[PDB]
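Colleague: Chains as they are written, first to last, in the working numbering: chain H, 12 to 501; chain C, 97 to 261; chain G, 1415 to 1509.
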Amino acid sequence: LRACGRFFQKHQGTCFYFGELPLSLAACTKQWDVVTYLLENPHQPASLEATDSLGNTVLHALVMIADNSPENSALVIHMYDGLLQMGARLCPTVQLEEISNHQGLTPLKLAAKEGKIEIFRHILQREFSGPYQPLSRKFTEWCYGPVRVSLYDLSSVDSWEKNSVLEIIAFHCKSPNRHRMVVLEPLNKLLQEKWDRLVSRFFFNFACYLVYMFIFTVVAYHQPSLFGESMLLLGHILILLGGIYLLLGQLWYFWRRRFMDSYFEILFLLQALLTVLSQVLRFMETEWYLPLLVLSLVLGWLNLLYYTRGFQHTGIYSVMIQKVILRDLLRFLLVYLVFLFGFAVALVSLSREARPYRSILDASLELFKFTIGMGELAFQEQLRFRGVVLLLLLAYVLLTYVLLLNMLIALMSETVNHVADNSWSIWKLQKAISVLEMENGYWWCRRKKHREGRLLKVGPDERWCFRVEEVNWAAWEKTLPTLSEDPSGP
Amino acid sequence: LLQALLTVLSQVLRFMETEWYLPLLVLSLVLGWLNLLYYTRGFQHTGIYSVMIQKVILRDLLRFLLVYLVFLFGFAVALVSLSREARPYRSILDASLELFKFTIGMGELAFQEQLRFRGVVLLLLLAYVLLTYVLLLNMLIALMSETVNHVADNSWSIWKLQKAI
Amino acid sequence: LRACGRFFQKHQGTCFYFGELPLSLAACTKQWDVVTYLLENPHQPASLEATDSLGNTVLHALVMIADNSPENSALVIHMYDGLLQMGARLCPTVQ
């Protein structure tokens, strides 16, 4: 009896989304005796694979009620494991983990999309011994003393499939916990493996872009006044070809992905648009292409800072300036402006009388030169109101040199609690985005996606696996079984 | 080794009557006065200061300067590419020097009139000023966050290791 | 019987360098009863001063497996002290 009302649906406000199904309610409400009675009974058996109006089964409902609190996460983990074990003994023919809702996702995918990290980490590294062996994802291969190779499962986790946990985390997710689902194993080992296979193409792209930017700098610097001529026209044609190529690439990227990590692609689009506009304005014989070409050159040299992600830990510096350039700067500048204009107008309104600051623009420039430590504080004599002008100049100096101090103190207090783990996780997330972007290939030719791990039977189900080696000097029990009796390293 | 090699080369160039020994002798003198900071290890705890600048001079400086360079050259070229027209910054070297003087707090932000593109030149100068004064702030914040967890025990141990050597 | 293979040598990758010697393996694997049985027995006595291909004895192997973790360091310290004490009572003439 589906309770497809308004209070039971998932929305902001007074709600409690348990999946509008009595078995789902008993599962979510910590009523394991009631769950056991509802799952098996001679009168009315409740199917565990039943779906509500949205298409969610009980596992999706258990995923969607999970918070990040430790008290609720233990409930979600224990009830998920218990329901999986009871589904093993009731309907073993059907695989109830792979049941998809109307959006098309699975409970692992749903935990990835909504940002429920506490059930995601458990479902990615769950291990069950005894009779419930095949429904595990943390298989144990050979162990030789303190070193053991653990085989994780890459079913619906590798990027070879049409929809993956990696793609959902990188692009489709929307949560503050996007970066924290990349550090956890086996996603740390998986994305480190694909990056080492793609760093060659990343550096090749860096070299090609550096050659293009060197050609652009040579063309811009040796621009004639508004063999050498043929070389310059060949360079202009090459710049036009590179600009239209990069514009087509960015257009294909924005068509495929139909925000902070998306900044540099917007800068790439702006740079390509500006150089294409500069070339088409030069072709139209307009004397305004030179500011646009120079602006494109400046924007491109700024854009070149994107390729610092792959130079090892350099990115952990660079990500901070990204946060810095969205911390308060675009506000604080406005605060500086709402001084400047006012004071500038004041100076003009007090400098048009006689017994310097002629217009608003010159007054603004002479007021701005107190920040770079260059402006003058001379005692005027030609102006009639010398003392009031000096008093306003001193007041502006004091207000600027206290506003900058306040800004620096505020930024220090903001960054003093910033540990290195968060910045490292942000850099790892950016590398994950770059890996999943390059693996799709260029727009003019699509790369052949290759599997990772190997296909080996576990207990005769053929399950893809990824091997992670570990050393543990405290696991001296030798009780868990091993699939293979031979080490057989790579 | 570099100081000894430079002063030996300066002496052998003076013996060969070459008028290029004077830059090498002066460079050797500068390098030697820099080298004199090695002997601060034995002046008690003074070394616990000095070791930090060693880490500082290998922390990010030789990278960060390059980052500063990959602005400067670009912007400098831009200024040259926009200052050769008429209705200042003559060559690449003078443009680089006039752009560098915004870091020591000496460069000028005047409104040009002889150039045809006054507004675009001013906009690029303002953009360079903002980018420099945010990059230096970011560098200082990053260095502070790097050194805030640096206890005195690690620096004391480093100084003791240098004294052991 | 020296296990002078490739998996048992010390190198980056899949390795477990215990010294390629059964007494060394029992010492490194926290098997003090097996170590006591191998050190003294009427059938086949294992010399504590035996060396592998690299020339390491059991003490060098106990040194090379030590990490900086507190759980492993206690194992290395206790097994080193126990092997030194058992070497005192078996071959006191040699150092």
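Every residue, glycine too, gets a C-beta built ideally from N, C-alpha and C.
Just how far apart, CA to CA, sit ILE200 of chain C and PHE1421 of chain G?
Modeller: Counting from 1 along the second sequence, the entry for residue 200 of chain C is found at position 104. Counting from 1 along the third sequence, the entry for residue 1421 of chain G is found at position 7. Cα to Cα, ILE200 of chain C sits roughly 59 Å from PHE1421 of chain G.
Colleague: The beta strand (DSSP E) with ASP164 of chain H in it runs from where to where?
Modeller: Within the first sequence, the letter at position 153 stands for residue 164 of chain H. First-last of the beta strand (DSSP E) with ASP164 of chain H: 158-164.
Colleague: Classify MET240 of chain C as buried or exposed, calling it buried when 16 or more other Cβ atoms lie within 10 Å of its own Cβ.
Modeller: As a position in the second sequence, residue 240 of chain C is number 144, starting the count at 1. It is exposed - the Cβ of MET240 of chain C has fewer than 16 other Cβ atoms within 10 Å.
Colleague: Show which residues of chain A have a CB atom less than 9 Å away from the CB atom of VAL479 of chain H.
Modeller: The structure shown contains no chain A; the protein chains it does contain are H, C and G.
Colleague: With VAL479 of chain H and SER161 of chain H assumed to form a contact (beta carbons below 8 Å), what rounded beta-carbon distance in angstroms separates them?
Modeller: What you label residue 479 of chain H is simply residue 468 of the first sequence in a count that begins at 1. What you label residue 161 of chain H is simply residue 150 of the first sequence in a count that begins at 1. The pair is a contact, with the Cβ atoms about 5 Å apart (cut-off 8 Å).
Colleague: With 8 Å set as the bound, which would you pick, yes or no: does the beta-carbon of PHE379 of chain H sit closer than that to a beta-carbon of chain C?
Modeller: In the first sequence, residue 379 of chain H corresponds to position 368, counting from 1. Taking Cβ atoms only, chain C reaches closer than 8 Å to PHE379 of chain H, which makes this a yes.
Colleague: Could you give the distance in angstroms between the alpha-carbon of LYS259 of chain C and the alpha-carbon of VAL147 of chain C?
Modeller: Looking up residue 259 of chain C in the second sequence gives position 163. Looking up residue 147 of chain C in the second sequence gives position 51. When rounded, the distance between both Cα atoms is 11 Å.
Colleague: Return no unless some Cβ of chain H is closer than 8 Å to the Cβ of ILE237 of chain C.
Modeller: On the second sequence, residue 237 of chain C is found 141 positions in, with the first residue counted as 1. It does: the Cβ of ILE237 of chain C has a partner Cβ on chain H nearer than 8 Å.
Colleague: Quick check on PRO1459 of chain G: buried or exposed, where buried means 16 or more other Cβ atoms within 10 Å of its Cβ?
Modeller: Counted from its first residue, the third sequence places residue 1459 of chain G at position 45. Burial call: exposed.
Colleague: Quick one: does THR1450 of chain G have its CB under 8 Å from some CB of chain H?
Modeller: Translated into positions along the third sequence, residue 1450 of chain G becomes position 36. Not closer than 8 Å to any Cβ of chain H, the Cβ of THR1450 of chain G fails to qualify, so no.
Colleague: Report yes or no: do three or more beta-carbon pairs, one from the stretch 243-258 of chain H and one from the stretch 278-297 of chain H, lie closer than 8 Å?
Modeller: In short, these stretches touch, since the Cβ pair count reaches three.
Colleague: Taking C-alpha atoms, which residue in H:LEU415, H:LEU494, H:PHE477 lies nearest to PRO501 of chain H?
Modeller: Within the first sequence, the letter at position 490 stands for residue 501 of chain H. Closest by alpha carbon: H:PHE477.
Colleague: At least one CB of chain H closer than 8 Å to the CB of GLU1434 of chain G: is that the case?
Modeller: Position 20 of the third sequence, counted from the first residue, corresponds to residue 1434 of chain G. Closer than 8 Å: no.
Colleague: How would you call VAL430 of chain H, buried or exposed, if buried means at least 16 neighbouring beta carbons within 10 angstroms?
Modeller: As a working note, residue 430 of chain H is residue 419 in the first sequence. Answer is exposed; the Cβ neighbour count stays below 16.
Colleague: Do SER35 of chain H and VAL69 of chain H have their beta-carbon atoms positioned less than 8 Å apart in this structure?
Modeller: The residue you call residue 69 of chain H lines up with position 58 of the first sequence. The residue you call residue 35 of chain H lines up with position 24 of the first sequence. Contact: yes.
Colleague: Where does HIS71 of chain H land, buried or exposed, given buried means 16+ other C-beta within 10 angstroms?
Modeller: Start at 1 with the first residue of the first sequence, and residue 71 of chain H comes out as number 60. That one is buried.
Colleague: Could you tell me if the beta carbon of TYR317 of chain H falls within a distance shorter than 7 Å of some heavy atom in the ligand NAD?
Modeller: Looking for the ligand NAD in the displayed structure turns up nothing, as the structure carries no ligands at all.
Colleague: Bridge partners of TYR155 of chain H, per DSSP?
Modeller: The residue given as residue 155 of chain H occupies position 144 in the first sequence. Looking at the DSSP assignment, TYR155 of chain H forms a beta bridge with H:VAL158.
Colleague: How about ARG159 of chain H and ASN483 of chain H: are their beta carbons less than 8 Å apart?
Modeller: Position 148 of the first sequence, counted from the start, is the residue given in the question as residue 159 of chain H. Position 472 of the first sequence, counted from the start, is the residue given in the question as residue 483 of chain H. Yes, the Cβ-Cβ distance between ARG159 of chain H and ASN483 of chain H is below 8 Å.
Colleague: DSSP state of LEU211 of chain C, grouped into three classes?
Modeller: Reading the second sequence from its first residue, position 115 is the one you call residue 211 of chain C. Here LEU211 of chain C sits in strand by DSSP.
Colleague: Under 8 Å, with one C-beta from each stretch per pair, do the stretch 298-308 of chain H and the stretch 363-377 of chain H reach the 3-pair mark?
Modeller: Verdict: no, contact absent.
Colleague: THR228 of chain C: buried (16+ other C-beta within 10 angstroms of its C-beta) or exposed?
Modeller: To locate residue 228 of chain C, count along the second sequence from 1; it is residue 132. Buried, since its Cβ has 16 or more Cβ neighbours within 10 Å.
Colleague: For the candidate residues H:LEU49, H:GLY24, H:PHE27, whose alpha-carbon lies nearest to that of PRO33 of chain H?
Modeller: By 1-based counting over the first sequence, the position of residue 33 of chain H is 22. That would be H:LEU49, whose Cα lies nearest to the Cα of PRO33 of chain H.
Colleague: Closest Cβ-Cβ distance between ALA485 of chain H and chain G: below 8 Å?
Modeller: In the first sequence, counting from the first residue as 1, residue 485 of chain H sits at position 474. Judged by the 8 Å Cβ criterion, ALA485 of chain H is in contact with chain G.
Colleague: Relative to chain G, which residues along the stretch 139-165 of chain H have a C-beta separation below 7 Å, given in chain order?
Modeller: The residues in question are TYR155, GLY156, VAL158.
Colleague: For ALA174 of chain C, decide whether its Cβ has a neighbour in chain H, counting only Cβ atoms nearer than 8 Å.
Modeller: For the purposes of this step, residue 174 of chain C is taken as the residue at position 78 of the second sequence. Chain H contact via Cβ: present.
Colleague: Please classify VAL194 of chain H as buried or exposed, where buried requires at least 16 neighbouring CB atoms within 10 angstroms.
Modeller: Here residue 194 of chain H refers to the residue found at position 183 when the first sequence is read from its first residue. Counting Cβ neighbours within 10 Å, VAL194 of chain H comes out exposed, since fewer than 16 surround it.
Colleague: Nearest CA to the CA of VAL413 of chain H: which residue from H:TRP455, H:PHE350, H:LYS21, H:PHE217?
Modeller: Translated into the one-based positions of the first sequence, residue 413 of chain H becomes position 402. That would be H:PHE350, whose Cα lies nearest to the Cα of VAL413 of chain H.
Colleague: When the Cα of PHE196 of chain C is compared with those of C:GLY138, C:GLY215, C:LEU221, which residue comes out closest?
Modeller: Working through the second sequence from its first residue, we reach residue 196 of chain C at position 100. Closest by alpha carbon: C:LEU221.
Colleague: To the nearest angstrom, how far is it from the Cα of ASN451 of chain H to the Cα of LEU101 of chain H?
Modeller: Stepping through the first sequence from its first residue, residue 451 of chain H is reached at position 440. Stepping through the first sequence from its first residue, residue 101 of chain H is reached at position 90. Going from the Cα of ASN451 of chain H to the Cα of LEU101 of chain H covers about 42 Å.
Colleague: Along chain H, which residues have their Cβ under 7 Å away from the Cβ of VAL104 of chain C?
Modeller: For the purposes of this step, residue 104 of chain C is identified with residue 8 of the second sequence, where counting begins at 1. Ordered by position in chain H, no residue passes the 7 Å Cβ test against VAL104 of chain C, which lies about 38 Å from the chain.
Colleague: By the criterion of Cβ-Cβ separation under 8 Å, what are the contact partners of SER236 of chain H in chain C?
Modeller: Translated into the one-based positions of the first sequence, residue 236 of chain H becomes position 225. By Cβ distance, chain C contributes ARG180, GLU181.
Colleague: Just to make sure I have the definition right: I need the residues of chain H whose C-beta is within less than 8 Å of the C-beta of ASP156 of chain C. Which are they?
Modeller: As a working note, residue 156 of chain C is residue 60 in the second sequence. What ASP156 of chain C touches in chain H: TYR328.
Colleague: Residues bridged to residue 48 of chain C by DSSP?
Modeller: Examination of residue 48 of chain C is not possible in this model, given that chain C is present from 97 through 261 alone.
Colleague: Could you tell me whether the stretch 311-320 of chain H touches the stretch 161-180 of chain C, where touching means 3 or more Cβ pairs closer than 8 Å?
Modeller: Verdict: yes, contact present.
Colleague: Please go through the same chain and pick out, in chain order, the residues whose beta-carbon is closer than 7 Å to the beta-carbon of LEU303 of chain H, but skip the five residues on each side of it.
Modeller: As a working mapping, residue 303 of chain H is identified with position 292 in the first sequence. Excluding positions up to five away in sequence, the list reads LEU285, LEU288, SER289, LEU292.
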